[PDB]
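*Asks:* Provide a 3D model corresponding to the input given below.
(5 chains)
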Amino acid sequence: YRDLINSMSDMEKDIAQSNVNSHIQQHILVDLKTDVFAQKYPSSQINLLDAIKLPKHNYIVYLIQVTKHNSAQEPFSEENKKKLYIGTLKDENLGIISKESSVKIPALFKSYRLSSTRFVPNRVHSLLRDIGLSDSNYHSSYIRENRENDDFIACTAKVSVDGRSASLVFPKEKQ
Amino acid sequence: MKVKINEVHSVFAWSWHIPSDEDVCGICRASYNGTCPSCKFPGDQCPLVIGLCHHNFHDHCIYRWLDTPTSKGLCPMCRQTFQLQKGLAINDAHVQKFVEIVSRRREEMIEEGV
Amino acid sequence: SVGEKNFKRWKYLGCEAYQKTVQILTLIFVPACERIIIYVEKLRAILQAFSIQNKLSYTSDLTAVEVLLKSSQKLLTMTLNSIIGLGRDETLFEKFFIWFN
Amino acid sequence: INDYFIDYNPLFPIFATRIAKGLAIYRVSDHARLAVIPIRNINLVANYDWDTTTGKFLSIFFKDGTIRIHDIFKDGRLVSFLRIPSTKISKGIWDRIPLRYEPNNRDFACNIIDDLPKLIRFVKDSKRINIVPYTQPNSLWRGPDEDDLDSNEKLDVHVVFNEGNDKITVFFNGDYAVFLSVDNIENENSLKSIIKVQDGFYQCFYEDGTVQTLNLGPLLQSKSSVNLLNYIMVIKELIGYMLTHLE
Amino acid sequence: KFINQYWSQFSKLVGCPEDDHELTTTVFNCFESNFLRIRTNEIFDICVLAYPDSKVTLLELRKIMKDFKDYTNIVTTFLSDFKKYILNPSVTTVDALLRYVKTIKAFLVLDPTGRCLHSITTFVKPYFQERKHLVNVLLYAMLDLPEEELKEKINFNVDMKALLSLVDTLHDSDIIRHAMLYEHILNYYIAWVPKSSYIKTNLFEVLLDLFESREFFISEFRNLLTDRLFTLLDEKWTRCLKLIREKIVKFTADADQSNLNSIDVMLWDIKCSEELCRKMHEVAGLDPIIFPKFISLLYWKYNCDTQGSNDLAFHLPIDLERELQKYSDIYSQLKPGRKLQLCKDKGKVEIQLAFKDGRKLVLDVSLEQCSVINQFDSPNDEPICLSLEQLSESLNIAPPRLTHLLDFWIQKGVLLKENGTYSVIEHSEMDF
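*Replies:* Numbers count the residues shown, from 1 in each chain, chains lettered A, B, ... in the order given. Here you go:
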């Protein structure tokens, strides 16, 4: 009995790998990697950081780091600035809708890794009010854990996409 | 600085003074400071009585026991003739009541030929 | 060695060793084997259709399926033989201890 | 509570916060701890994902190849343990797809398994051998919720991506595994974020800006193809269910 | 509105006369059927949020539902949505019960019978027993306790506006002689009028159904009344005890009467204390400033006998102790066979504090707190500076307990701590 069941079990896996995987993979298509930002930005090296979908919205909000390609004829220009352009693509065909606006970074915030920023949905504003309403060791002015811990930036970027905005947080990883 | 006491609201706890897990009535098994099953309010409504045999009962528990024909006027704890201890102010208000019940039952046993 | 104490234990162990054994064979093995057959049969039908409906040039051989069908069929036939055999074993078991008592 | 972390549950007012002792759960309204998930090293966790369809469960991805899911409503007790054979995990996403199989006249594919009486299990306690109804090993976290009136069967799809090689692996129902080989292997780009468009439709965003789209739609609109996926998982379960009683 | 907008066009399309009565009736019947369907779908938001503003619609709904299937569909839909949203442990238990009771009264208005309430009840109780603080907060809601007592021993925030709202809902109370005999016997006997009950119209009984036994409910009720009858009865709890006694007696187990007996004894103990004090001030002419209360130790559940620390033997002021002993001696005279014990941890004293700058401060302080401040009473107007060790020896109070008592006066602005010594603040350089 044990031999027969095992004789069945092992070849059952054979059926799964030999045939089922072949059949399943056929009904699965993988889109080739494509560049969409090239049309809008063909002379800039593109660095992608984060992008999410707004629920009940068919638009893709994305955060990109745009650095222009410096040709071999312009020597050592100080324009090698990382610009945090924010745009929107329709979820299906990834089509640009609104003209990107470069957010001006205050000089005090230039000492943070902008690449580590992540998207935070679902009413981040609720915690801000509740932090001051709770007698915890967390102070809001910047949300700081005491006077002797790391400081993390909560960049509530109000990207008004058709009247709505999202929320971002800038983690601290000092360079 | 002067301290003037305007009003005092003090709390006092009363308990039965027994002339010495045993502060319970031997009939109803309830606490002496508590009420018997036939009484609702403690203290005056469920007073305690002390017999000459030094056994303590609620007034109503022992009176009911003594009113039963099978008791024969004897203490439920020691079978001695139940008589309230004399000289105890706790027993002063109940002496006449217990003398009558013991006497009536003694006459009934004489009438029954036992 | 045997005594009275082990004899009752021997009977108690033996009866469960057979009467419970047949239960798991009839009540677990029989319902499962038929279910495997059904799923395997439905498994075969699905692959055959898309070999035709899709009309895709590459085909996956069905020899793996039919082996399972035969092996699964073998199990149920083999399972029933044991149940018949354990039926006899219960008969022999009881007659032994009634005399052994 | 200050932290650059925390993901809010879309369906209910909770957040998943990270503390030293493990993953912690607090109510947004009350800031009262609700559950604690014991984790050894944060670095081992590739990412954690919430339940989109229900929100009752929570998913944890380990870099080694281990998937662990715990129920928040159950005080964070572990409910299911998953393994994937020899896969290095960069970042995985959990999706639940509800199937809508409306009755159609053109569909004569009647079901008989429902008519057949459901199997049972033999488990023996200390006192005696007892008889219990059969439950699938993964059915406890997949069973039709008492809380869910729309009790349609839900497809459970776990999507796993391998770091360093950009290899894509999809895992179905907790047992069946399918491996897909990507051709664009020439560059070793890290995957930045995974975004879900709808059920069975996903977009992948790499560090270089290239987009990879995974679409399960053709699998989904095919009635038999899903049934094929279900059947293969069942037969492996029953045979092991058989071997379990044999020993 | 629909008839005025489309009926003429529809009649023209059909060609039937405009005054087709039966067609209009069927259209009306469909409208109310649609209205029933929509309200069934929205019943959760109707009962949870829109209530009591939508309560009028509920009365209109009551005129429409006629079949058992309608009730079953409504309740199964309502339970589905409720548990989907409310029964999340992530929801605050205070708001959960607040919305729960809001649904209870809404359905009770909708259903006078309350069978749906029972079905909703039976389905929902295990979730209530899942939450742990529910018993405490609900009984405190029953007795309308002030927030200060709540905040003393409860470590999670409680929403005050919810507390007032639930209190308001709880207190809502909207839920010839021979010729007449011939007429009434005709008018009352000829005028033909065409799991237990557990469906009583009382919402409080539904609230009581949470506990598997009312024993814990009445036990905790005893504890709170014994606490309050100490701190002093408020009339608001007289209604509560009247309610609690009312249902428990109606149902009638042994322990239930055990926790049902002494509650009037507490009333009797206070009543006798009020009466015995008057007879007492008449007989021996004691100080009318003292108002003693004579309590039955067994039934107040006051553990005077916790036999393990030597720590409540603090010394009262000599004048106050002598006056209190006079009460105890003659109690033994008035009630023979009984001894009276002063509960020193127990009692309240109103003291008036007079400072050299003319400030008068009147506070209600415990017997322990009055003893501490009396040590600083200077008959000769000399500044009294006392160290912690000196106060501990005089008052026989442990130092850690003394610091807490001394911190009370510091917070009140009476005592100042300088270099380990406590002195009276006689001159405040700041507007009172």
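*Asks:* ok, now how distant is residue E:100 from residue E:124?
*Replies:* Plainly put, residue E:100 is 7 Å away from residue E:124 if you go by Cβ to Cβ, to the nearest Å. C-beta coordinates here come from the backbone N, C-alpha and C atoms, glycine included.
*Asks:* And the residue nearest the centre of the chain?
*Replies:* Picked chain A for this. In chain A, the residue lying closest to the centroid (Cα atoms, centre = their mean) is residue A:50, at 1.3 Å.
*Asks:* Please refer instead to chain E.
*Replies:* Mean-position check on chain E, Cα atoms, centre = their mean. Result residue E:143 at 1.4 Å.
*Asks:* Leaving out chain neighbours, which residue sits closest to the residue of chain A found nearest chain E?
*Replies:* Nearest residue of chain A to chain E: residue A:134, at 8.5 Å (Cβ to the nearest Cβ). Distances taken as Cβ to Cβ, 6 or more residues apart in numbering or on different chains put residue D:31 closest to residue A:134, at 5.5 Å, once the chain neighbours are dropped.
*Asks:* next one: residue D:90
*Replies:* Leaving aside its sequence neighbours, residue D:90 sits nearest to residue D:163 (Cβ to Cβ, 6+ apart; 3.4 Å).
*Asks:* Neighbours of that neighbour, how many?
*Replies:* Residue D:163 has 15 neighbours, counted by other Cβ atoms under 10 Å in any protein chain shown.
*Asks:* again, but for the one 3 residues further on
*Replies:* Taking other Cβ under 10 Å as the criterion, the count of residues near residue D:166 is 22.
*Asks:* wait, what's in contact with it?
*Replies:* D:182, D:184, D:185, D:188, D:189, D:191, D:206 (Cβ atoms under 8 Å, 6 or more residues apart in numbering or on different chains).
*Asks:* so is the residue of chain C found nearest chain B in a helix, a strand, or just coil?
*Replies:* Closest to chain B within chain C is residue C:5: 47.1 Å, counting by Cβ to the nearest Cβ. Under DSSP: H, G, I helix; E, B strand; the rest coil, residue C:5 falls in the helix class.
*Asks:* Any idea how many residues pack against it?
*Replies:* 8.
*Asks:* ok, it to residue D:97 distance?
*Replies:* Taken as Cβ to Cβ, the span from residue C:5 to residue D:97 is 62 Å.
*Asks:* Pretty sure residue A:134 sits against residue D:29.
*Replies:* No. In this structure residue A:134 lies outside contact range of residue D:29 using Cβ atoms under 8 Å: 11.0 Å.
*Asks:* returning to that earlier point: which strand or helix spans the residue nearest to the centre of chain A?
*Replies:* Following DSSP states H and E, one finds residue A:50 within strand A:44-53.
*Asks:* and the next element down the chain from that strand?
*Replies:* strand A:59-68.
*Asks:* where's that next one relative to the chain centroid, distance-wise?
*Replies:* The chain centroid and the centroid of strand A:59-68 are separated by 9 Å, computed with Cα atoms, centre = their mean, to the nearest Å.
*Asks:* Distance from the next helix or strand after that strand to the middle of the chain?
*Replies:* Using DSSP H and E, the helix or strand that follows strand A:59-68 in sequence is strand A:83-90. Distance of strand A:83-90 from the chain centroid (Cα atoms, centre = their mean) equals 11 Å.
*Asks:* in strand A:83-90, what counts as buried?
*Replies:* Within strand A:83-90, the residues that qualify as buried are A:83, A:84, A:85, A:86, A:87, A:88, A:89, counting by 16 or more other Cβ atoms under 10 Å in any protein chain shown.
*Asks:* Nearest to residue A:24 among the residues you listed?
*Replies:* Checking the buried residues of strand A:83-90 against residue A:24 with Cβ to Cβ, the nearest one is residue A:89 at 29.7 Å.
*Asks:* count of neighbours near the closest residue to the closest one other than its chain neighbours?
*Replies:* In space, and not counting its chain neighbours, residue A:89 is closest to residue A:60: 4.3 Å by Cβ to Cβ, 6+ apart. Counted with other Cβ under 10 Å, the neighbours of residue A:60 add up to 23.
*Asks:* what about residue E:333, neighbour count?
*Replies:* By other Cβ under 10 Å, neighbour count at residue E:333 equals 10.
*Asks:* So it: helix, strand or coil?
*Replies:* Classification of residue E:333 using three-state DSSP returns helix.
*Asks:* residues contacting residue B:100?
*Replies:* Residue B:100 neighbours (Cβ under 8 Å, 6+ apart): none.
*Asks:* Show me which strand runs longest in chain B.
*Replies:* Ranked by number of residues, the top strand in chain B under DSSP state E is strand B:2-16.
*Asks:* after that one comes which helix or strand?
*Replies:* Using DSSP H and E, the helix or strand that follows strand B:2-16 in sequence is strand B:48-50.
*Asks:* what's the spacing between that following strand and its chain's center?
*Replies:* Averaged C-alpha coordinates place strand B:48-50 at 3 Å from its chain's average position (Cα atoms, centre = their mean).
*Asks:* following that strand, which helix or strand comes up?
*Replies:* Following strand B:48-50 in sequence order, the next helix or strand is strand B:56-58 (DSSP H and E).
*Asks:* and that next one, what does it pack onto?
*Replies:* Here strand B:56-58 touches strand B:48-50, going by 3 or more Cβ pairs under 8 Å, 6 or more residues apart in numbering or on different chains; DSSP states H and E.
*Asks:* Can the strand it packs on be said to contact chain E?
*Replies:* Yes. Strand B:48-50 comes into contact with chain E (Cβ under 8 Å from any Cβ of the partner chain), by way of residue B:48.
*Asks:* residues contacting residue 12?
*Replies:* Let's take chain A. C:68, D:235, D:236, D:239 are the contacts of residue A:12 under Cβ under 8 Å, 6+ apart.
*Asks:* Can you look at chain D instead?
*Replies:* D:55, E:88, E:90.
*Asks:* For chain B, what's its nearest residue on chain A.
*Replies:* residue A:135 (35.5 Å).
*Asks:* circling back to that earlier point, tell me which of residue E:100 and residue E:124 has more neighbours.
*Replies:* Counted by other Cβ under 10 Å, residue E:100 and residue E:124 do not tie: residue E:100 has more neighbours, with 21 against 18.
*Asks:* Let me know the helix or strand that that one is in.
*Replies:* Per DSSP H and E: helix E:93-110 holds residue E:100.
*Asks:* Now the element after that helix, going C-ward?
*Replies:* Toward the C-terminus from helix E:93-110 - assigned by DSSP H and E - lies helix E:115-130.
*Asks:* measure the closest residue to residue B:49 other than its chain neighbours to residue B:65 for me?
*Replies:* With Cβ to Cβ, 6+ apart as the criterion, residue B:49 has its nearest non-adjacent residue at 5.0 Å, and that residue is residue B:59. Using Cβ to Cβ, we find residue B:59 at a distance of 11 Å from residue B:65.
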